[PDB]
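Protein chains: 2
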Amino acid sequence: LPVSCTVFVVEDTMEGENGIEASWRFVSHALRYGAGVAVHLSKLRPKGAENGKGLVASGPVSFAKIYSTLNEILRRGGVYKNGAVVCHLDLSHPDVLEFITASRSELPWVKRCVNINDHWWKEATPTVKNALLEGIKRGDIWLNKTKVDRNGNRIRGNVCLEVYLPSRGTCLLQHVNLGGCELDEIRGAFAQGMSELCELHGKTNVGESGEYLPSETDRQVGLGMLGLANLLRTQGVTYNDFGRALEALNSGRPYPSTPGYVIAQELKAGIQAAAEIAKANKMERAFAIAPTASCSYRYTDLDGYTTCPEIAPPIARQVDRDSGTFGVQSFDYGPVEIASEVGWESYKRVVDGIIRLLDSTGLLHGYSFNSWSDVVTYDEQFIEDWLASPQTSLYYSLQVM
Amino acid sequence: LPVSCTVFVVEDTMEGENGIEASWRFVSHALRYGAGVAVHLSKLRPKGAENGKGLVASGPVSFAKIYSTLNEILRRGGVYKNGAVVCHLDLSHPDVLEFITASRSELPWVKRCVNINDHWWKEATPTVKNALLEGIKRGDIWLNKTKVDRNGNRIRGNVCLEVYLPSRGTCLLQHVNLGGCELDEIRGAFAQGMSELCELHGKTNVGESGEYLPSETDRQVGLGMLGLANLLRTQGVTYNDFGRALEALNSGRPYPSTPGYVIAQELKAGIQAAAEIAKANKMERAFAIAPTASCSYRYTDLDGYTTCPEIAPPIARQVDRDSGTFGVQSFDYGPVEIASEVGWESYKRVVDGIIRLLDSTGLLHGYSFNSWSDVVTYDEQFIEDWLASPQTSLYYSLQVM
Ligand SMILES: Cc1cn([C@H]2C[C@H](O)[C@@H](COP(=O)(O)OP(=O)(O)OP(=O)(O)O)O2)c(=O)[nH]c1=O
Ligand SMILES: Cc1cn([C@H]2C[C@H](O)[C@@H](COP(=O)(O)OP(=O)(O)OP(=O)(O)O)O2)c(=O)[nH]c1=O
């Protein structure tokens, strides 16, 4: 199916409609088509908890092994080999420590994400914090925040962390190419994208298979953006200037009409237009920023160069992608600013400003924030700053220098 | 349930009534109650077989890992911890070699049995034979023969190898205590046991759960025997004399009326009476010899000593059984002959004679033959002799001296 991702929550019982065995069947079905899953194990009771009629429960870390085996077998046998599994878990779970410290031999083919917020982080003991920092520094444990819908009932993130869905949901995404649109066309492009997304929401028919929710009950769609670096290059605006202009616009402070200010105002106007169009069709959540590693390569800017993925600056001007089918393809991002030159502060400020702009309308799913391992030093201060900032995830740990 | 064992055969398809996923659910259900399973993987296509719509199949050895994980988790969490899994496989399967050589790290918590006969053994290449001999010498691979019902449709052995059942079947067993019955009472005891088994066959209601076959369609029961060594001791008959008498009786040759001959004639008469009673109730198969390690300890002979398990001679006169609940219990088998003193030949001849007597009526399931590793040298000649002899399995590799 076109469904890129799906979300499943497993109840604390072996059998049922959403039982662990039903979880095995659903994961097998999702992997046989290539779509990834995010099996949330936050409800399984802790390991060693005795009920009285002796059933010494094993805990989520035990079933992680079953999911790992299923993933390995089916992905190596599956038609689509791009599927992945992400076994989310909470930070308040008493088992989290074990979940953090399991070596790659025990759980070889499953990524791991931790749902954290202010309360659980504060309550966590120092040992758990140190284990989390060590894990993230080695690139094993991802982070994600917790957000409740307007009714207060919990919603859960997907595989790639920027879309928030309920149980057995699905994800519909569409990307707007900033590099390929002129400054005046931004609002029109945003309106066209949002209208197309609203129209396409009701014609997917994903839920007909009986595994997914019906389309009428979802009321969600994600309008992401890609190709910011090319736009900044074309207008001759550096990341520092764009970040300062975005911060000034968001704070409401007066600012001179520099090109960065014009771009920021155009982005705000387009976001507002898209928000109005979505509100017309009764869309709960509209804006979601997802990585475009597999989608950016098929688009081009005005000058003919390849558009940079999402809004971050490309690590290197030229990228050589190796695929077993089409071989090795060497593409160029043009004379754009790259990670080492811009610096950590400019990138962080720019992403924070854009995420604040998108969130201002209240229709934000999330963002798949990266992290440059060769520049910043992982510390509890870094996690505190990440939690304080409007970001909503921590995806990968790259090397830039 | 009282069901000691069950048999499942998995088809070559992911979904269905007997699909691999149905196999996972059935194995989980069987393990949650302690009853073991014998998941026959002889129908899964070989690893690496391509169909054209790319599905590079993994093979049975891959799903052995899923079954191992399920067994580990559920047995350590299961209420009854006596459950076990035995992943049968054929000798003609092109994957058998891998199945034989997998180390204990890959498949830690699943036993392995090989279904062999004359044709497959002859067709097997030397490397497979050497791998099988090495495996059996280390006590990893068990053997079992192939037998077809009166209609020619294949039937499959259970976990402990002496009962032959169809898919989703069950096993009903009852044991006759030779040590606790006088020489004249043998026929009456056999008749009583067979009548009780026939009566109890139709009142188990195992198939009401929807997983097992209905009781009306089974038409099977197993009348085993235990406590031969005590009987031989009481009558003052050594294993050699009893074996010679049994061989003479079976061959039809004239023989003097020695005590061994009297015992053999009584056994034959009792077997014939039980066979007639079973045939009265239309029983397809009636006689099955199973190990009594967990059942012999609750019975006593005429002199008050504990009866020896099945028909083999006990390894040591005194046995100290350690259980976490009742602690350590030291029981005595009395002044009975033991393994080293009797020798391999006498034991082999006695078991062969008794199995021939039981098979003479055509109502034999099988026998769980042991093997003394410290006496016999494993060679292709040994396997040839085992195949030639009326035995039907090869269970464990013990040490006697
Ligand atoms: C039976 C069993 C349960 N468990 C644990 C893990 C599951 O999350 C949890 C679900 O057990 P349940 O299936 O709900 O056990 P139960 O219904 O018989 O008893 P109760 O209602 O009190 O739970 O039990 C094991 O880990 N291993 C086992 O073998
Ligand atoms: C899809 C898939 C199949 N297989 C192998 C193992 C199973 O024994 C076997 C069953 O596949 P099927 O489910 O029968 O595949 P199919 O129905 O789409 O195509 P066909 O009818 O030709 O089989 O395929 C894998 O090993 N891994 C996989 O991911």
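Residue numbers (the authors' numbering), protein chains in the order written: chain B, 26 to 426; chain A, 26 to 426. For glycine and all other residues, C-beta sits at the position ideal for the given N, C-alpha and C.
Exposure of residue i, with buried meaning 16 or more beta-carbon neighbours within 10 Å
i	result
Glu362(A)	buried
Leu186(A)	buried
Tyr392(A)	buried
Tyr358(A)	buried
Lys293(B)	buried
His144(B)	exposed
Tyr421(B)	exposed
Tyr237(B)	buried
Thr242(B)	exposed
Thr317(B)	buried
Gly378(B)	buried
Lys304(A)	exposed
Cβ-heavy atom distance, residue i to ligand 2, below 8 Å
i	result
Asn96(A)	no
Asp37(A)	yes
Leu80(A)	yes
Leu26(B)	no
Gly84(A)	yes
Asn107(B)	no
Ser234(A)	no
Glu46(A)	no
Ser87(A)	yes
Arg50(B)	no
Beta carbon proximity, residue i to chain B, threshold 9 Å
i	result
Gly102(A)	yes
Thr94(A)	yes
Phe312(A)	no
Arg57(A)	yes
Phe33(A)	no
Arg258(A)	no
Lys78(A)	yes
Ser53(A)	yes
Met39(A)	yes
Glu75(A)	no
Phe356(A)	no
residue 4(A)	Outside the shown range of chain A, which is 26 to 426, sits residue 4(A), and nothing can be said about it.
Member of the options whose CA lies at the smallest distance from the CA of residue i
i	options	result
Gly177(B)	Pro191(B), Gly268(B) and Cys223(B)	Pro191(B)
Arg193(A)	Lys162(A), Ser48(A) and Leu225(A)	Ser48(A)
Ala313(A)	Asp384(A), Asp165(A), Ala298(A) and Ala82(A)	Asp384(A)
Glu36(B)	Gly73(B), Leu26(B), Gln217(B) and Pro85(B)	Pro85(B)
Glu405(B)	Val28(B), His390(B), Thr152(B) and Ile340(B)	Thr152(B)
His390(B)	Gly247(B), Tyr421(B) and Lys68(B)	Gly247(B)
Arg310(B)	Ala337(B), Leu222(B) and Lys154(B)	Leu222(B)
residue 12(B)	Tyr372(B), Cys30(B), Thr332(B) and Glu301(B)	Here chain B covers residues 26 to 426 and nothing more, so residue 12(B) does not appear.
residue 24(A)	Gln199(A), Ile45(A), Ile141(A) and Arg179(A)	No answer is possible for residue 24(A): the residues shown for chain A start at 26 and end at 426.
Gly249(A)	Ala300(A), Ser276(A) and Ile180(A)	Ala300(A)
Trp411(A)	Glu123(A), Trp167(A), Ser128(A) and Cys30(A)	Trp167(A)
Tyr403(A)	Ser67(A), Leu157(A) and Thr31(A)	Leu157(A)
Test: residue i CB closer than 9 Å to a CB of chain A
i	result
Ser348(B)	no
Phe351(B)	no
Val81(B)	yes
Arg50(B)	yes
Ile91(B)	yes
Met308(B)	no
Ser234(B)	no
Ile98(B)	yes
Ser87(B)	yes
Ligand 1 heavy atom lying under 8 Å from the CB of residue i
i	result
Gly103(B)	no
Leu69(B)	yes
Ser319(A)	no
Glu40(B)	yes
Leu114(B)	no
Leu99(A)	yes
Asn76(B)	yes
Cβ-Cβ separation, residue j to residue i (assumed contact under 8 Å), whole Å
i	j	result
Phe215(B)	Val375(B)	Contact doesn't hold; Cβ gap of about 19 Å is too wide.
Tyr92(B)	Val121(B)	Not quite, the Cβ-Cβ distance comes to about 17 Å (not below 8 Å), so this is no contact.
residue 483(A)	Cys112(A)	There is simply no residue 483(A) to check, as chain A begins at 26 and stops at 426 in what is shown.
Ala270(B)	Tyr286(B)	5 Å
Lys90(B)	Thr94(A)	5 Å
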